[PDB]
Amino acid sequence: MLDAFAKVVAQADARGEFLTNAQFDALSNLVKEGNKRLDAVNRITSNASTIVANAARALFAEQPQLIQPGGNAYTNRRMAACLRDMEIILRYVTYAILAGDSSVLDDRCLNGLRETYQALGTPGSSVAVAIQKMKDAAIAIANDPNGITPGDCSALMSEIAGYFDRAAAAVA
C-alpha cells in the first residue's frame, strides 16, 4: 500500500534519484492542506450509513428491476449483500482519501471486482450508478460550509470525486 508520500518515494527510488524540488513542494503542500483532508475523511466516515442508505434508495427508485423478484437485489440476503458492497467501496474510498493515493482502493477493493460481479450476474453498471450516487452525497457532506472554518476545498473534492469515479469505472 502507498500513500501520496510513499508513491513519490517509490517513483524516485525506481530511478535511483533524490526528490526534486517540485516533488518536495507538492508533498509539502499536501501537508499544509492536511486539515481539510482530515475533515473530508471524518465527515464522510461519520455519515457513511446515511450516504449508503440514501444512495441505495435512489438506485432502486431509478432501477426498479433490481428489486423485482428475480432481480439481483431481490431477497433480503441479496439486498444486504448489495448494501454491504456499497459500504465496502465507500470504506476503501475513505482510505484512499486519507492516503492521498488510490493504491489501497485499487489493490484491495477494485482489482478483480468486475470479474466478480460478472461471475455472479450482478450488473456492474448498476453498481457504478450506486457508487456515483454515493459520490455526490459524500461530496455534498464533505464540502458543506456549515460548522467548518471557511476555506477552499475544491482541489480535494476533485481528488475525492476521482476516487469514486475510478471505482465506478472499475465495474462499469
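A residue's number is simply how far along the shown sequence it sits, counting from 1. So that the term is clear: the rigid core is the largest set of C-alpha atoms that superpose within 1.5 Å between two forms.
A fit on the rigid core, followed by a root mean square over CA positions in 8 other deposited structures of this protein, ranks 17 to 25 against 160 to 168 and picks 17 to 25 as the more shifted one. Stretches 143 to 151 and 113 to 121 differ in mean C-alpha B factor, with the higher average recorded for 113 to 121. Mean C-alpha B-factor is higher over 25 to 33 than over the other stretch, the pair under comparison being 25 to 33 and 38 to 46.
The PDB entry assigns residue 160 a C-alpha temperature factor belonging to the lowest third of its chain's modelled residues. Residue 76 sits in the middle third of its chain by CA B factor, as recorded in the PDB entry.
The deposited CA B-factor of residue 138 belongs to the lowest third of values across its chain.
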